[PDB]
file coords.txt (compact mmCIF, C-alpha atoms and all ligand atoms)
# COMPACT_ATOMS: atom_id res chain seq x y z
CA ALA X 23 85.76 74.00 70.72
CA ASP X 24 89.00 74.27 72.70
CA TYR X 25 90.01 77.66 74.06
CA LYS X 26 93.08 79.33 75.50
CA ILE X 27 92.45 81.89 78.23
CA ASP X 28 93.61 85.28 77.01
CA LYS X 29 96.57 85.94 79.30
CA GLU X 30 98.39 87.97 76.60
CA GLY X 31 95.77 90.69 76.47
CA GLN X 32 94.68 89.89 80.05
CA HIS X 33 90.96 89.63 79.34
CA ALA X 34 90.65 87.24 82.27
CA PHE X 35 90.33 88.03 85.99
CA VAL X 36 90.38 85.92 89.15
CA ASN X 37 89.01 88.38 91.71
CA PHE X 38 87.68 87.80 95.21
CA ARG X 39 86.21 89.59 98.18
CA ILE X 40 85.72 88.87 101.90
CA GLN X 41 84.42 91.09 104.72
CA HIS X 42 86.71 93.00 107.01
CA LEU X 43 85.44 92.92 110.60
CA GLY X 44 81.97 92.54 109.09
CA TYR X 45 82.23 96.27 108.39
CA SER X 46 83.24 96.30 104.69
CA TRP X 47 84.19 94.21 101.69
CA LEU X 48 87.88 93.63 101.08
CA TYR X 49 88.68 93.07 97.40
CA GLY X 50 91.65 91.35 95.87
CA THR X 51 92.90 89.65 92.74
CA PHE X 52 95.48 87.12 91.59
CA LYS X 53 97.42 88.84 88.79
CA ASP X 54 99.31 85.80 87.44
CA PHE X 55 97.35 82.82 86.12
CA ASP X 56 96.72 80.83 82.95
CA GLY X 57 94.46 78.11 81.63
CA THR X 58 92.39 76.43 78.96
CA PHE X 59 88.77 75.31 78.52
CA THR X 60 86.58 73.33 76.14
CA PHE X 61 83.20 74.90 75.38
CA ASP X 62 80.54 73.04 73.38
CA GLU X 63 77.21 74.88 73.46
CA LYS X 64 75.28 71.79 72.28
CA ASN X 65 77.09 69.24 74.39
CA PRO X 66 77.75 70.87 77.81
CA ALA X 67 78.78 67.57 79.37
CA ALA X 68 81.93 67.59 77.23
CA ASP X 69 83.11 70.97 78.59
CA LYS X 70 86.40 71.18 80.50
CA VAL X 71 88.49 73.74 82.38
CA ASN X 72 92.06 73.70 83.70
CA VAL X 73 93.65 76.73 85.38
CA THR X 74 96.91 77.39 87.26
CA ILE X 75 97.38 80.29 89.68
CA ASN X 76 100.64 81.61 91.14
CA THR X 77 99.32 82.58 94.60
CA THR X 78 102.25 84.88 95.25
CA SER X 79 100.61 87.23 92.72
CA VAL X 80 97.77 88.06 95.15
CA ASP X 81 96.97 91.79 95.30
CA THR X 82 94.56 93.63 97.60
CA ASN X 83 96.34 96.98 97.17
CA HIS X 84 98.26 96.96 100.46
CA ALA X 85 101.89 95.86 100.66
CA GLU X 86 101.76 94.78 104.32
CA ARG X 87 98.44 92.90 104.10
CA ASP X 88 99.56 91.02 100.99
CA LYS X 89 102.89 90.10 102.57
CA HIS X 90 100.64 88.59 105.24
CA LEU X 91 98.41 86.83 102.72
CA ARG X 92 101.50 85.09 101.31
CA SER X 93 102.68 84.05 104.78
CA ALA X 94 102.13 80.64 106.37
CA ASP X 95 99.18 82.25 108.20
CA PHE X 96 97.22 82.31 104.94
CA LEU X 97 98.14 81.28 101.38
CA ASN X 98 101.63 80.05 102.40
CA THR X 99 103.02 80.79 98.92
CA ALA X 100 106.61 79.89 99.86
CA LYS X 101 105.52 76.27 100.39
CA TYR X 102 102.69 76.20 97.81
CA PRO X 103 103.51 78.67 95.07
CA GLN X 104 100.46 77.42 93.18
CA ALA X 105 96.71 76.95 93.39
CA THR X 106 95.09 74.83 90.72
CA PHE X 107 91.55 74.08 89.51
CA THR X 108 90.60 71.16 87.28
CA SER X 109 87.00 70.41 86.35
CA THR X 110 85.58 66.94 86.90
CA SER X 111 81.94 67.56 85.96
CA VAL X 112 80.06 70.23 83.98
CA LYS X 113 76.30 70.32 83.52
CA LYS X 114 73.94 72.84 81.99
CA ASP X 115 71.48 74.32 84.44
CA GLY X 116 69.12 76.43 82.42
CA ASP X 117 71.00 79.39 80.96
CA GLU X 118 74.09 78.74 83.10
CA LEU X 119 76.83 76.13 83.65
CA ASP X 120 77.54 74.36 86.93
CA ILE X 121 81.25 73.61 86.91
CA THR X 122 82.38 71.07 89.51
CA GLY X 123 86.11 70.60 89.96
CA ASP X 124 89.09 69.94 92.18
CA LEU X 125 90.70 72.96 93.82
CA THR X 126 94.21 72.39 95.14
CA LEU X 127 94.91 75.35 97.44
CA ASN X 128 97.38 75.58 100.31
CA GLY X 129 98.20 71.90 99.89
CA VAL X 130 94.64 70.58 100.11
CA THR X 131 92.50 69.33 97.22
CA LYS X 132 88.73 69.64 97.60
CA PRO X 133 85.90 69.94 95.05
CA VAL X 134 84.36 73.40 94.55
CA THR X 135 81.53 74.31 92.16
CA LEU X 136 81.35 77.43 90.07
CA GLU X 137 78.24 78.90 88.50
CA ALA X 138 79.24 80.24 85.08
CA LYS X 139 77.43 82.10 82.32
CA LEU X 140 78.24 82.86 78.66
CA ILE X 141 78.57 86.63 78.21
CA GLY X 142 79.25 86.48 74.46
CA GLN X 143 81.06 84.70 71.62
CA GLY X 144 81.96 85.53 68.04
CA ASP X 145 84.59 86.90 65.69
CA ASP X 146 87.74 88.79 66.56
CA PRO X 147 88.57 92.19 65.09
CA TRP X 148 91.82 90.34 64.30
CA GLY X 149 90.57 87.12 62.66
CA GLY X 150 90.08 84.85 65.66
CA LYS X 151 87.07 83.31 67.45
CA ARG X 152 86.36 84.10 71.12
CA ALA X 153 84.04 83.10 73.94
CA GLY X 154 83.87 84.85 77.32
CA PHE X 155 82.23 83.87 80.64
CA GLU X 156 81.54 85.25 84.11
CA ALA X 157 81.58 82.93 87.15
CA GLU X 158 80.93 82.77 90.90
CA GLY X 159 81.87 80.47 93.74
CA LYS X 160 82.87 80.44 97.38
CA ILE X 161 85.79 79.01 99.28
CA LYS X 162 85.54 78.05 102.92
CA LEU X 163 88.93 79.11 104.28
CA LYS X 164 89.03 76.29 106.90
CA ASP X 165 88.42 73.62 104.24
CA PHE X 166 91.78 74.48 102.68
CA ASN X 167 93.72 74.63 105.93
CA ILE X 168 93.70 78.41 106.32
CA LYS X 169 93.03 78.53 110.11
CA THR X 170 93.67 82.19 110.91
CA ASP X 171 90.18 83.34 111.85
CA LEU X 172 88.88 86.65 110.50
CA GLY X 173 85.60 86.88 112.38
CA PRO X 174 82.08 85.39 112.09
CA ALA X 175 81.41 87.36 108.92
CA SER X 176 84.61 86.20 107.22
CA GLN X 177 84.62 82.38 107.08
CA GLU X 178 84.43 82.13 103.31
CA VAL X 179 85.73 84.09 100.32
CA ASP X 180 83.63 85.18 97.32
CA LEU X 181 85.19 84.32 93.96
CA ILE X 182 84.41 86.82 91.20
CA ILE X 183 85.67 85.30 87.93
CA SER X 184 85.71 86.42 84.28
CA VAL X 185 87.64 84.83 81.40
CA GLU X 186 87.73 85.42 77.66
CA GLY X 187 88.98 82.47 75.62
CA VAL X 188 90.64 82.41 72.22
CA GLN X 189 89.52 79.43 70.11
CA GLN X 190 92.36 77.01 69.40
CA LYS X 191 93.08 74.62 66.52
CA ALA F 23 79.58 111.31 113.01
CA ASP F 24 82.51 112.26 110.76
CA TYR F 25 84.67 109.52 109.21
CA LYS F 26 88.06 109.31 107.51
CA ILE F 27 88.34 106.68 104.78
CA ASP F 28 90.86 104.04 105.82
CA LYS F 29 93.62 104.63 103.30
CA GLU F 30 96.34 103.56 105.78
CA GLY F 31 95.14 99.95 106.04
CA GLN F 32 93.48 100.31 102.65
CA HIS F 33 90.06 99.07 103.70
CA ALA F 34 88.57 100.99 100.78
CA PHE F 35 88.26 100.08 97.09
CA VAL F 36 87.15 102.03 94.03
CA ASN F 37 86.71 99.23 91.48
CA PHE F 38 85.08 99.15 88.05
CA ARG F 39 84.24 96.85 85.16
CA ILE F 40 83.23 97.29 81.53
CA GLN F 41 82.72 94.69 78.81
CA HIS F 42 85.36 93.77 76.26
CA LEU F 43 83.83 93.34 72.80
CA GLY F 44 80.62 92.27 74.56
CA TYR F 45 82.45 88.98 75.22
CA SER F 46 83.72 89.36 78.79
CA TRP F 47 84.00 91.70 81.77
CA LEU F 48 87.13 93.77 82.09
CA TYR F 49 87.88 94.68 85.72
CA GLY F 50 90.01 97.50 86.97
CA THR F 51 90.80 99.55 90.04
CA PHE F 52 92.10 102.96 91.16
CA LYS F 53 94.84 102.24 93.71
CA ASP F 54 95.41 105.81 94.95
CA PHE F 55 92.47 107.73 96.49
CA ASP F 56 91.40 109.35 99.75
CA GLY F 57 88.39 110.96 101.33
CA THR F 58 85.95 111.60 104.16
CA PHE F 59 82.25 111.08 104.93
CA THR F 60 79.64 112.03 107.50
CA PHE F 61 77.29 109.25 108.57
CA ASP F 62 74.28 109.83 110.80
CA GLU F 63 71.95 106.80 110.84
CA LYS F 64 69.00 108.81 112.18
CA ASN F 65 69.42 111.91 109.99
CA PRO F 66 70.49 110.61 106.52
CA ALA F 67 69.91 114.09 105.10
CA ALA F 68 73.00 115.35 106.95
CA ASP F 69 75.30 112.74 105.35
CA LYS F 70 78.24 113.92 103.22
CA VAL F 71 81.06 112.40 101.13
CA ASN F 72 84.15 113.87 99.43
CA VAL F 73 86.75 111.71 97.67
CA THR F 74 89.82 112.42 95.54
CA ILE F 75 91.25 109.93 93.07
CA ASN F 76 94.61 110.09 91.32
CA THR F 77 93.49 108.61 87.98
CA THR F 78 97.06 107.77 87.04
CA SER F 79 96.83 104.91 89.61
CA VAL F 80 94.39 103.00 87.36
CA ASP F 81 95.13 99.26 87.23
CA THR F 82 93.55 96.55 85.05
CA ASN F 83 96.55 94.22 85.37
CA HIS F 84 97.99 94.97 81.91
CA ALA F 85 100.80 97.50 81.51
CA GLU F 86 99.97 98.32 77.88
CA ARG F 87 96.22 98.72 78.37
CA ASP F 88 96.79 100.90 81.44
CA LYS F 89 99.26 103.13 79.60
CA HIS F 90 96.40 103.51 77.12
CA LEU F 91 93.87 104.27 79.83
CA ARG F 92 96.05 107.14 81.05
CA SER F 93 96.41 108.48 77.50
CA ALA F 94 94.46 111.33 75.94
CA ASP F 95 92.24 108.67 74.36
CA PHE F 96 90.72 107.84 77.77
CA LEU F 97 91.41 109.22 81.26
CA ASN F 98 93.99 111.78 80.02
CA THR F 99 95.85 111.74 83.36
CA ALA F 100 98.64 114.05 82.23
CA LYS F 101 96.13 116.87 81.78
CA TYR F 102 93.75 115.76 84.55
CA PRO F 103 95.70 113.82 87.19
CA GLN F 104 92.58 113.66 89.40
CA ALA F 105 88.94 112.63 89.48
CA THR F 106 86.82 114.06 92.24
CA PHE F 107 83.40 113.25 93.79
CA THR F 108 81.48 115.59 96.11
CA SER F 109 77.98 114.71 97.31
CA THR F 110 75.29 117.32 97.01
CA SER F 111 72.29 115.31 98.19
CA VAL F 112 71.75 112.11 100.19
CA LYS F 113 68.42 110.50 100.96
CA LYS F 114 67.43 107.25 102.63
CA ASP F 115 65.71 104.86 100.24
CA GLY F 116 64.50 102.10 102.53
CA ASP F 117 67.52 100.12 103.76
CA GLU F 118 69.93 101.90 101.40
CA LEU F 119 71.30 105.36 100.67
CA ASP F 120 71.01 107.22 97.38
CA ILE F 121 74.03 109.52 97.23
CA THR F 122 73.85 112.26 94.59
CA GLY F 123 77.02 114.20 93.87
CA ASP F 124 79.22 115.97 91.33
CA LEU F 125 81.82 113.81 89.56
CA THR F 126 84.68 115.77 87.94
CA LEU F 127 86.26 113.29 85.52
CA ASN F 128 88.48 114.13 82.56
CA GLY F 129 87.74 117.81 82.97
CA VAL F 130 83.95 117.52 83.02
CA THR F 131 81.67 117.89 86.07
CA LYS F 132 78.37 116.01 85.99
CA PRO F 133 76.08 114.60 88.70
CA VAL F 134 76.13 110.82 89.25
CA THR F 135 74.09 108.89 91.87
CA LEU F 136 75.44 106.02 93.93
CA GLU F 137 73.35 103.42 95.70
CA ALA F 138 75.14 102.66 98.99
CA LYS F 139 74.39 100.34 101.88
CA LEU F 140 75.76 100.00 105.40
CA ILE F 141 77.63 96.73 105.69
CA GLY F 142 78.41 97.22 109.37
CA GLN F 143 79.64 99.49 112.14
CA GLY F 144 81.07 99.09 115.62
CA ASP F 145 84.20 99.09 117.75
CA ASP F 146 87.78 98.57 116.66
CA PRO F 147 90.08 95.84 117.90
CA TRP F 148 92.33 98.88 118.49
CA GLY F 149 90.02 101.31 120.25
CA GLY F 150 88.37 103.16 117.40
CA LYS F 151 84.87 103.27 115.92
CA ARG F 152 84.21 102.22 112.28
CA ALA F 153 81.47 102.08 109.64
CA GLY F 154 81.74 100.46 106.24
CA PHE F 155 79.63 100.71 103.08
CA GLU F 156 79.25 99.11 99.67
CA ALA F 157 78.06 101.18 96.71
CA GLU F 158 77.19 100.98 93.01
CA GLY F 159 76.94 103.46 90.18
CA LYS F 160 77.40 103.85 86.43
CA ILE F 161 79.40 106.30 84.39
CA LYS F 162 78.45 106.98 80.80
CA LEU F 163 81.85 107.40 79.04
CA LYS F 164 80.68 110.02 76.53
CA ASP F 165 79.20 112.24 79.27
CA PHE F 166 82.74 112.75 80.56
CA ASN F 167 84.32 113.37 77.16
CA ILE F 168 85.81 109.91 76.81
CA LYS F 169 85.09 109.60 73.07
CA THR F 170 87.01 106.48 72.04
CA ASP F 171 84.30 103.89 71.31
CA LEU F 172 84.55 100.36 72.71
CA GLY F 173 81.43 98.90 71.14
CA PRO F 174 77.64 98.93 71.71
CA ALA F 175 77.98 96.79 74.85
CA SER F 176 80.67 99.07 76.29
CA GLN F 177 79.13 102.56 76.57
CA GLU F 178 79.11 102.81 80.37
CA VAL F 179 81.31 101.62 83.21
CA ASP F 180 80.09 99.83 86.37
CA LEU F 181 81.46 101.34 89.59
CA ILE F 182 81.98 98.77 92.36
CA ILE F 183 82.75 100.68 95.59
CA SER F 184 83.49 99.72 99.21
CA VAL F 185 84.81 102.04 101.92
CA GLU F 186 85.42 101.61 105.63
CA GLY F 187 85.60 104.80 107.66
CA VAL F 188 87.36 105.52 110.96
CA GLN F 189 85.26 107.82 113.15
CA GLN F 190 86.94 111.17 113.76
CA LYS F 191 86.77 113.59 116.68
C1 LIG G 201 83.80 74.82 81.07
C2 LIG G 201 83.67 76.23 80.46
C3 LIG G 201 82.84 76.38 79.15
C4 LIG G 201 84.29 77.25 81.11
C5 LIG G 201 83.87 78.62 81.16
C6 LIG G 201 85.08 79.47 81.55
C7 LIG G 201 85.35 79.46 83.07
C8 LIG G 201 84.23 80.32 83.70
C9 LIG G 201 86.41 78.78 83.59
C10 LIG G 201 86.86 79.06 85.02
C11 LIG G 201 88.07 80.01 85.01
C12 LIG G 201 88.88 80.19 86.29
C13 LIG G 201 90.04 81.07 86.35
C14 LIG G 201 88.39 79.45 87.31
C15 LIG G 201 89.14 79.57 88.63
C16 LIG G 201 88.53 78.73 89.67
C17 LIG G 201 89.17 78.73 91.07
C18 LIG G 201 88.28 77.84 91.99
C19 LIG G 201 90.25 79.44 91.37
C20 LIG G 201 90.93 79.46 92.75
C21 LIG G 201 91.39 80.88 93.12
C22 LIG G 201 92.08 80.93 94.46
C23 LIG G 201 93.60 80.94 94.36
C24 LIG G 201 91.47 80.95 95.72
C25 LIG G 201 92.07 81.86 96.77
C26 LIG G 201 90.97 82.67 97.39
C27 LIG G 201 91.41 83.20 98.75
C28 LIG G 201 91.52 82.19 99.91
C29 LIG G 201 91.71 84.53 98.99
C30 LIG G 201 92.35 84.95 100.32
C31 LIG G 201 91.38 86.00 100.98
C32 LIG G 201 91.82 86.55 102.32
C33 LIG G 201 92.37 85.81 103.46
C34 LIG G 201 91.78 87.89 102.54
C35 LIG G 201 92.16 88.34 103.94
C36 LIG G 201 91.07 89.28 104.40
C37 LIG G 201 91.20 90.16 105.66
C38 LIG G 201 90.01 90.75 106.41
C39 LIG G 201 92.48 90.33 106.05
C40 LIG G 201 92.81 91.17 107.26
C41 LIG G 201 94.12 91.99 107.30
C42 LIG G 201 95.24 91.32 107.59
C43 LIG G 201 96.53 91.98 107.65
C44 LIG G 201 96.66 93.40 107.40
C45 LIG G 201 95.51 94.10 107.09
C46 LIG G 201 94.20 93.39 107.04
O1 LIG G 201 93.15 93.98 106.77
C1 LIG G 202 77.34 109.49 102.58
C2 LIG G 202 77.87 108.22 103.25
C3 LIG G 202 77.32 107.86 104.65
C4 LIG G 202 78.80 107.49 102.56
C5 LIG G 202 78.86 106.06 102.46
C6 LIG G 202 80.26 105.66 102.02
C7 LIG G 202 80.45 105.79 100.50
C8 LIG G 202 79.73 104.58 99.88
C9 LIG G 202 81.15 106.83 99.98
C10 LIG G 202 81.62 106.76 98.53
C11 LIG G 202 83.13 106.44 98.45
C12 LIG G 202 83.86 106.62 97.11
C13 LIG G 202 85.27 106.30 96.94
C14 LIG G 202 83.02 107.07 96.15
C15 LIG G 202 83.63 107.27 94.78
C16 LIG G 202 82.63 107.76 93.81
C17 LIG G 202 83.09 108.00 92.36
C18 LIG G 202 81.94 108.40 91.42
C19 LIG G 202 84.34 107.79 91.96
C20 LIG G 202 84.85 108.01 90.52
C21 LIG G 202 85.76 106.84 90.05
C22 LIG G 202 86.27 107.05 88.64
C23 LIG G 202 87.66 107.72 88.57
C24 LIG G 202 85.64 106.69 87.45
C25 LIG G 202 86.51 106.14 86.34
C26 LIG G 202 85.76 105.03 85.67
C27 LIG G 202 86.32 104.78 84.29
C28 LIG G 202 85.99 105.80 83.19
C29 LIG G 202 87.10 103.70 83.98
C30 LIG G 202 87.81 103.61 82.65
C31 LIG G 202 87.95 102.24 81.93
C32 LIG G 202 87.75 102.01 80.43
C33 LIG G 202 87.44 102.99 79.29
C34 LIG G 202 87.85 100.73 80.13
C35 LIG G 202 88.72 99.96 79.14
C36 LIG G 202 87.91 98.86 78.49
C37 LIG G 202 88.43 98.29 77.14
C38 LIG G 202 87.42 97.35 76.48
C39 LIG G 202 89.90 98.61 76.89
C40 LIG G 202 90.41 98.59 75.45
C41 LIG G 202 91.82 97.99 75.41
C42 LIG G 202 92.88 98.75 75.08
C43 LIG G 202 94.25 98.24 75.15
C44 LIG G 202 94.51 96.87 75.57
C45 LIG G 202 93.41 96.08 75.92
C46 LIG G 202 92.04 96.63 75.84
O1 LIG G 202 91.05 95.96 76.14
call {"tool": "encode", "arguments": {"input": "coords.txt", "output": "structure tokens"}}
result
Amino acid sequence: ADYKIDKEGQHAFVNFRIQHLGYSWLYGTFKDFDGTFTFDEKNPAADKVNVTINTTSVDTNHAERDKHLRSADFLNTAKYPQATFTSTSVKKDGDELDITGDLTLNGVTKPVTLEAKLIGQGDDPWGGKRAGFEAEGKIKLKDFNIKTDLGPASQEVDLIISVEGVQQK
Amino acid sequence: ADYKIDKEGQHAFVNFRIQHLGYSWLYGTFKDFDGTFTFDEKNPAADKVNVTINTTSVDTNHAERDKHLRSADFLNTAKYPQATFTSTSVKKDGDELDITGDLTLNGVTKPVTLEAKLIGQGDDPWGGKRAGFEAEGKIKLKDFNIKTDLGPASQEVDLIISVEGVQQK
């Protein structure tokens, strides 16, 4: 079935974390994004996913740091107001889904794989059908032209994802 | 040594997640908190921790839902503008710390245990000493008089914590 990510009720989250000086985890989120996805429990190879993110909506709960994350030193949102992820391959791996796709971030497109898992699906208390998932992945900062070094412990960023979809059609 | 949680550079996060209809994970965060902590790597029994959280600063990236979280139906911030955590016992459990303490949430004080771990410690690029930790815990909603039911899969909330301290004295 085809699904629409629940942006209206915001039961979708694109979070992330990366170490700070190798001393602690720095958490953040991208508050403005949307997307769709096809989920067929019997035929996993037919699954799809297409999401758009407005990178300017990054939030790590610090005005100054975020102003810096939007700068040309990092996300460079003025030049690339958007990050985008489109699947190219999906394959069932036991009780999980390995989602391979093209990530266009900071001007560069490179394939990244996410490990997703069905949390639950079923009826809506309002007459709709839903399906939610949790996912993980990593992004090597250098691969997407983000040169500003953050230390040996901070070369890649952990992606903590969770989306609830509303069945379409 | 005594530490002051880095609220200035906000290298501290009090996050949480709970399921939505057993379909997906709903993430949130408390943007306004402060605190201190004593860390002695050799004598873990002397460790302390005291944090204050302005519950009104809750954020799940949805204005409506958050207005509801502040309401009498949940956090009841108008009556109780603050949550508070004071350790009462700390003991080394192998390579981690089990921090027991009193949590005053929504008017009720009950002991909750956190499982923390040292991420790293060392010198500052600015001449200070730091030590960061990651921690986990669970809060049973009913225990703290948060009656409004969210379903069988949503009885307790996952606490995802990370704090970096700046050595005092
Ligand atoms: C097919 C099917 C059935 C589907 C199931 C449903 C699913 C699971 C579909 C997937 C859904 C979604 C939304 C998938 C999204 C996938 C992807 C790959 C999204 C891309 C997200 C994205 C925009 C990546 C950006 C991540 C990055 C690079 C974050 C920046 C982190 C960063 C630099 C932090 C800086 C850290 C640091 C120590 C800064 C120091 C610092 C600087 C200045 C002042 C103070 C200070 O402390
Ligand atoms: C000792 C030493 C060396 C220290 C190491 C360093 C450490 C690790 C020190 C600890 C540092 C800190 C900060 C420790 C903090 C500890 C604690 C226990 C903090 C308490 C935090 C707190 C305020 C708890 C609140 C959690 C709660 C109850 C969240 C509420 C969310 C809730 C009910 C969820 C809504 C879910 C739901 C399905 C909503 C319904 C709904 C309504 C409307 C629209 C949409 C919708 O979905």
call {"tool": "closest_atom_pairs", "arguments": {"input": "coords.txt", "of": "chain X", "to": "chain F", "cutoff": "9 Å", "atoms": "only C-alpha atoms", "output": "Markdown table"}}
result
| residue | atom | partner | partner_atom | distance |
| --- | --- | --- | --- | --- |
| X:30 | CA | F:84 | CA | 8.8 |
| X:31 | CA | F:84 | CA | 7.3 |
| X:32 | CA | F:84 | CA | 6.3 |
| X:33 | CA | F:48 | CA | 6.3 |
| X:34 | CA | F:48 | CA | 7.4 |
| X:35 | CA | F:49 | CA | 7.1 |
| X:37 | CA | F:49 | CA | 8.8 |
| X:41 | CA | F:141 | CA | 8.9 |
| X:42 | CA | F:33 | CA | 7.7 |
| X:43 | CA | F:142 | CA | 8.3 |
| X:44 | CA | F:142 | CA | 5.9 |
| X:45 | CA | F:142 | CA | 4.1 |
| X:46 | CA | F:154 | CA | 4.7 |
| X:47 | CA | F:184 | CA | 6.1 |
| X:48 | CA | F:33 | CA | 6.4 |
| X:49 | CA | F:35 | CA | 7.0 |
| X:53 | CA | F:83 | CA | 6.4 |
| X:82 | CA | F:32 | CA | 8.4 |
| X:83 | CA | F:53 | CA | 6.5 |
| X:84 | CA | F:32 | CA | 6.2 |
| X:86 | CA | F:31 | CA | 8.6 |
| X:87 | CA | F:31 | CA | 8.0 |
| X:140 | CA | F:45 | CA | 8.2 |
| X:141 | CA | F:45 | CA | 5.4 |
| X:142 | CA | F:45 | CA | 4.1 |
| X:143 | CA | F:45 | CA | 5.8 |
| X:144 | CA | F:45 | CA | 8.0 |
| X:146 | CA | F:43 | CA | 8.7 |
| X:152 | CA | F:45 | CA | 7.5 |
| X:153 | CA | F:45 | CA | 6.2 |
| X:154 | CA | F:46 | CA | 4.7 |
| X:155 | CA | F:46 | CA | 6.0 |
| X:156 | CA | F:46 | CA | 7.1 |
| X:184 | CA | F:47 | CA | 6.1 |
| X:185 | CA | F:46 | CA | 6.5 |
| X:186 | CA | F:46 | CA | 5.7 |
call {"tool": "closest_residue", "arguments": {"input": "coords.txt", "among": "F:129, F:150, F:174, F:159", "to": "ligand LIG 202 (chain G)", "atoms": "all atoms listed in the file"}}
result
F:159
call {"tool": "closest_residue", "arguments": {"input": "coords.txt", "among": "X:126, X:69, X:58, X:95", "to": "ligand LIG 201 (chain G)", "atoms": "all atoms listed in the file"}}
result
X:69
call {"tool": "atom_distance", "arguments": {"input": "coords.txt", "atom1": "CA of residue 110 (chain X)", "atom2": "CA of residue 124 (chain X)"}}
result
7.0 Å
call {"tool": "atom_distance", "arguments": {"input": "coords.txt", "atom1": "CA of residue 100 (chain X)", "atom2": "CA of residue 161 (chain X)"}}
result
20.8 Å
call {"tool": "build_atoms", "arguments": {"input": "coords.txt", "residues": "region 59-70 of chain X", "atoms": "N, CA, C and O atoms", "output": "PDB file, keeping the file's coordinate frame"}}
result
ATOM      1  N   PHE X  59      90.129  75.813  78.302  1.00  0.00           N
ATOM      2  CA  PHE X  59      88.770  75.310  78.520  1.00  0.00           C
ATOM      3  C   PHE X  59      88.050  74.913  77.242  1.00  0.00           C
ATOM      4  O   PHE X  59      88.150  75.593  76.222  1.00  0.00           O
ATOM      5  N   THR X  60      87.338  73.795  77.292  1.00  0.00           N
ATOM      6  CA  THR X  60      86.580  73.330  76.140  1.00  0.00           C
ATOM      7  C   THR X  60      85.130  73.779  76.333  1.00  0.00           C
ATOM      8  O   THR X  60      84.549  73.611  77.403  1.00  0.00           O
ATOM      9  N   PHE X  61      84.571  74.415  75.317  1.00  0.00           N
ATOM     10  CA  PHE X  61      83.200  74.900  75.380  1.00  0.00           C
ATOM     11  C   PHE X  61      82.435  74.402  74.164  1.00  0.00           C
ATOM     12  O   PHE X  61      82.795  74.703  73.024  1.00  0.00           O
ATOM     13  N   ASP X  62      81.421  73.580  74.424  1.00  0.00           N
ATOM     14  CA  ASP X  62      80.540  73.040  73.380  1.00  0.00           C
ATOM     15  C   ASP X  62      79.124  73.401  73.824  1.00  0.00           C
ATOM     16  O   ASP X  62      78.586  72.819  74.765  1.00  0.00           O
ATOM     17  N   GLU X  63      78.541  74.382  73.141  1.00  0.00           N
ATOM     18  CA  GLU X  63      77.210  74.880  73.460  1.00  0.00           C
ATOM     19  C   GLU X  63      76.085  73.833  73.350  1.00  0.00           C
ATOM     20  O   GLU X  63      75.057  73.933  74.028  1.00  0.00           O
ATOM     21  N   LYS X  64      76.280  72.839  72.487  1.00  0.00           N
ATOM     22  CA  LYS X  64      75.280  71.790  72.280  1.00  0.00           C
ATOM     23  C   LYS X  64      75.493  70.620  73.226  1.00  0.00           C
ATOM     24  O   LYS X  64      74.544  69.949  73.638  1.00  0.00           O
ATOM     25  N   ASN X  65      76.754  70.341  73.515  1.00  0.00           N
ATOM     26  CA  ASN X  65      77.090  69.240  74.390  1.00  0.00           C
ATOM     27  C   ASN X  65      77.875  69.742  75.595  1.00  0.00           C
ATOM     28  O   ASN X  65      79.099  69.599  75.659  1.00  0.00           O
ATOM     29  N   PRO X  66      77.169  70.325  76.576  1.00  0.00           N
ATOM     30  CA  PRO X  66      77.750  70.870  77.810  1.00  0.00           C
ATOM     31  C   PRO X  66      78.488  69.868  78.679  1.00  0.00           C
ATOM     32  O   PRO X  66      79.359  70.244  79.457  1.00  0.00           O
ATOM     33  N   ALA X  67      78.127  68.595  78.570  1.00  0.00           N
ATOM     34  CA  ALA X  67      78.780  67.570  79.370  1.00  0.00           C
ATOM     35  C   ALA X  67      80.210  67.285  78.916  1.00  0.00           C
ATOM     36  O   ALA X  67      80.949  66.581  79.584  1.00  0.00           O
ATOM     37  N   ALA X  68      80.587  67.806  77.756  1.00  0.00           N
ATOM     38  CA  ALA X  68      81.930  67.590  77.230  1.00  0.00           C
ATOM     39  C   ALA X  68      82.883  68.741  77.602  1.00  0.00           C
ATOM     40  O   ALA X  68      84.086  68.666  77.336  1.00  0.00           O
ATOM     41  N   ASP X  69      82.334  69.804  78.191  1.00  0.00           N
ATOM     42  CA  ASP X  69      83.110  70.970  78.590  1.00  0.00           C
ATOM     43  C   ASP X  69      84.184  70.634  79.618  1.00  0.00           C
ATOM     44  O   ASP X  69      84.022  69.728  80.427  1.00  0.00           O
ATOM     45  N   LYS X  70      85.288  71.373  79.573  1.00  0.00           N
ATOM     46  CA  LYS X  70      86.400  71.180  80.500  1.00  0.00           C
ATOM     47  C   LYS X  70      86.960  72.534  80.888  1.00  0.00           C
ATOM     48  O   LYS X  70      86.618  73.551  80.300  1.00  0.00           O
TER      49      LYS X  70
END
